[PDB]
Amino acid sequence: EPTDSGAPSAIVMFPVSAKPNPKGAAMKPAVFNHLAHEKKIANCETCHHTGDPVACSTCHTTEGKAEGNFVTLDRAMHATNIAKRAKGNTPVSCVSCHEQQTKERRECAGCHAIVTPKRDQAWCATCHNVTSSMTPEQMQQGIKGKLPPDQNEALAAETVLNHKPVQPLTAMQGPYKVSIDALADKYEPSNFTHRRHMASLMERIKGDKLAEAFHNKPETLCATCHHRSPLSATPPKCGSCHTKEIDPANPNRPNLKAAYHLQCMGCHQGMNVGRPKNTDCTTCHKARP
Ligand code: HEC
Ligand code: HEC
Ligand code: HEC
Ligand code: HEC
Ligand code: HEC
Ligand code: HEC
Ligand code: HEC
Ligand code: HEC
Ligand code: HEC
């Protein structure tokens, strides 16, 4: 399948710099699947914000220059907080649109209302992924904008085709139900439908390639809720980090009650759950007669 646009189906993107880089001091080049993107975004100018479709690096070099308003390659590819242009087009970055996706799509917006992205090495590597078949020489030529289109296409194509998404933990790999009773007092324990929740959440995003590329560890989705602890099938209790009472030390951290409310309710509201509403108290935990 060829692209409508006439662009290569997948493209390797290099760190175009005014500073010579004989040692290849750089991030691993990024492979952009143009075909898959263009099939999801009809407006070519959403990305090619100046109109004519040309490499962003023609204007956005690592150092920045006149043609790009000194907006560097780093900024053009990872900007967040991009201001809405009063007139004309509001450019997008790779990161901002991806971020847009998690906030605008109901199936993404529940977990992403409660997830604080790590944006660690694994996150960088999702984009910075050119096949290891790329040689230092090819790296040098791409940097100089002298890599032949056929070699670029071939490196990009190999990258796309050699990708194998990670096998996540099944909902059967987590507990079926969890009696959340760490604070049981005025109400009964909340009998959480742990497995049903996980399974419903995963089904809604099954096959999404953006989601699959960035959820790249078997337990990543478990970290949605079990955050700030090593990826694991048996994470520590919320109660191990969240104190019953506001802890006067480190710091502003929600106490346990708020941790549960903010987390459970935060997702429900993020993916517009019909029930329970945050005011449906006995739906999550029956009042104690
Ligand atoms: C896709 C959404 C990306 C993620 C996440 C990260 N980067 Fe990136 N960045 C990506 C592209 C398309 C490009 C341009 C092509 C290239 O690889 O050069 C870049 C550019 C950079 C650069 C500038 C070039 C360089 O000197 O190698 C750097 C320094 C860079 N990116 C760093 C970086 C880091 C550290 C990231 C994780 C925290 C990261 N990027 C994620 C797109 C994407
Ligand atoms: C963002 C999700 C994209 C949309 C939608 C479209 N394109 Fe694109 N294209 C974009 C990038 C990030 C790249 C790689 C540029 C790089 O630095 O290598 C491009 C590249 C092209 C090109 C090749 C430019 C060249 O290297 O000189 C062409 C001809 C092109 N794109 C055409 C094109 C058309 C017509 C679009 C709508 C059908 C379109 N693109 C949308 C990403 C984005
Ligand atoms: C030169 C003809 C351009 C090409 C090709 C690309 N960009 Fe660009 N970019 C250019 C200018 C002159 C400016 C500033 C315009 C203004 O409204 O200020 C921009 C700025 C951006 C930004 C916004 C940065 C921010 O507001 O902080 C982004 C994210 C951006 N550009 C992205 C981008 C991408 C991804 C490109 C290829 C698909 C690309 N630009 C090409 C000029 C030029
Ligand atoms: C919205 C306007 C986008 C822009 C800007 C960029 N990407 Fe993107 N990304 C977008 C969607 C909707 C998807 C899913 C496409 C589909 O098949 O469903 C993707 C996903 C990716 C992926 C994951 C899969 C793959 O192609 O490897 C990668 C790593 C990716 N996007 C990279 C990427 C880079 C490097 C970008 C700037 C050059 C970039 N994307 C911009 C939507 C948007
Ligand atoms: C809970 C079951 C999730 C759903 C459904 C979706 N995502 Fe997700 N995502 C989740 C977690 C816990 C993480 C890890 C954060 C970090 O520590 O790395 C992520 C991460 C992403 C990312 C990368 C981080 C970022 O750039 O913000 C992307 C781009 C992403 N997720 C996209 C995404 C999309 C498009 C979804 C709907 C189709 C989606 N996610 C659903 C957990 C969950
Ligand atoms: C699910 C989305 C919730 C909604 C809606 C409400 N609560 Fe909640 N609550 C939730 C959890 C998972 C827990 C932990 C239960 C425990 O035993 O560990 C709590 C806890 C409380 C508590 C403390 C425990 C108790 O006294 O038994 C209080 C008093 C409480 N919740 C009050 C409360 C009120 C009044 C709500 C409606 C306005 C309400 N909760 C909604 C989950 C959820
Ligand atoms: C939010 C939607 C969750 C996701 C996604 C996962 N889990 Fe979970 N889990 C979460 C809560 C609120 C609870 C209660 C914790 C507490 O301290 O009250 C749990 C608990 C567990 C446990 C403990 C079971 C037991 O004590 O009976 C385990 C072992 C567990 N969770 C595993 C687990 C795995 C492996 C996940 C991904 C497949 C996963 N959880 C996701 C809420 C959330
Ligand atoms: C220690 C290893 C943690 C465990 C286990 C849990 N959480 Fe946590 N969480 C912890 C920190 C250090 C922080 C504060 C971060 C900061 O910005 O101050 C929190 C924060 C929360 C919050 C607020 C929103 C957030 O940033 O994610 C909530 C809603 C929350 N935590 C909920 C929560 C739940 C329900 C837990 C068990 C499933 C849980 N946390 C465990 C660190 C620790
Ligand atoms: C998204 C990441 C969620 C988190 C965190 C929690 N819930 Fe949830 N819940 C979620 C969905 C999307 C729905 C609607 C139905 C669907 O699957 O599409 C619900 C539903 C509930 C309900 C009713 C059905 C049930 O399975 O019991 C309850 C009572 C409920 N949720 C409780 C609950 C609690 C106590 C949570 C934190 C421990 C919690 N949910 C987190 C999405 C997500």
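Values below: every heavy atom of this structure, side chains too, minus hydrogens, waters and symmetry copies. When a ligand or atom number is given, it counts from 1 through the structure's own listing order. We're numbering straight along the sequence, starting at 1.
Counting only N and O atoms by type, the side chains of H48 and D52 include no donor and acceptor under 3.5 Å apart. Side-chain N/O atoms of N33 and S9 include no donor and acceptor closer than 3.5 Å.
Contacts between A259 and ligand 8 below 4.0 angstrom, taking non-hydrogen atoms only, involve backbone and side chain alike. Contacts between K237 and ligand 8, counted as non-hydrogen atom pairs separated by less than 4.0 Å, involve the backbone only.
Among the backbone and side-chain atoms of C47, none of the N, O or S atoms lies under 2.8 Å from atom 8 (Fe) of ligand 2. Within the 2.8 Å limit, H227 places at least one N, O or S atom next to atom 8 (Fe) of ligand 8.
Atom NZ of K206 is surrounded by more than 12 heavy atoms from other residues, nucleotides or ligands within 6.0 Å. For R119, the CZ atom is densely surrounded, since the number of other residues' heavy atoms within 6.0 Å is greater than 12.
Atoms of ligand 8 lying under 4.0 Å from at least one heavy atom of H226, given by number and element, are 38 (C). Atoms of ligand 8 lying under 4.0 Å from any heavy atom of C238, numbered from 1 in the order shown and given with element: 34 (C), 35 (C), 36 (C), 37 (C), 38 (C), 39 (C), 41 (C). Each of the atoms 29 (C) of ligand 8 lies under 4.0 Å from some heavy atom of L262. Ligand-side atoms of ligand 8 in range of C241: 1 (C), 2 (C), 3 (C), 4 (C), 5 (C), 42 (C), 43 (C), range being under 4.0 angstrom from any heavy atom.
Between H112 and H215, the angle of the ring planes stays under 30°, which puts this pair in the parallel group of the 30/60° scheme. Taking the six-membered ring where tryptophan is involved, the planes of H98 and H37 are essentially parallel, since the angle between them stays under 30° and well short of 60°.
Using a 4.0 Å heavy-atom cutoff, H261 is absent from the residues neighbouring ligand 8. Within the 4.0 Å heavy-atom shell around ligand 8 one does not find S240. In this structure, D4 has no heavy atom closer than 4.0 Å to ligand 2.
Exactly one residue among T131, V12, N152 makes a side-chain contact (heavy atoms from CB on, under 4.5 Å) with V31. That residue is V12. In summary, of the residues considered (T102, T224, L221), a side-chain contact (heavy atoms from CB on, under 4.5 Å) with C111 occurs for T224 alone.
The atom of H242 nearest to atom 8 (Fe) of ligand 8 is NE2, with the search restricted to N, O or S atoms. As for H34, its N/O/S atom nearest atom 8 (Fe) of ligand 2 is the one called NE2.
Checking only distances, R228 does come within under 3.5 Å of ligand 8, N or O to N or O. The N/O atoms of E38, backbone and side chain alike, include none that comes under 3.5 Å of an N/O atom in ligand 2.
A salt bridge links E63 to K19: at least one charged side-chain nitrogen sits closer than 4.0 Å to a carboxylate oxygen. Salt bridge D4/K39: absent, no basic N to carboxylate O contact under 4.0 Å. Under 4.0 Å is where a charged nitrogen must lie from a carboxylate oxygen, and between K209 and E212 no such pair does.
Sorted by chain and number, the heavy-atom contacts of ligand 1 below 4.0 Å come from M13, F14, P15, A26, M27, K28, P29, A30, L73, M77, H78, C94, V95, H98, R119, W123, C124, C127, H128.
A distance of 6.0 Å or more separates the ring centres of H242 and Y260.
For the pair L183/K244, a side-chain contact is recorded, criterion being any heavy-atom separation below 4.5 Å from C-beta on.
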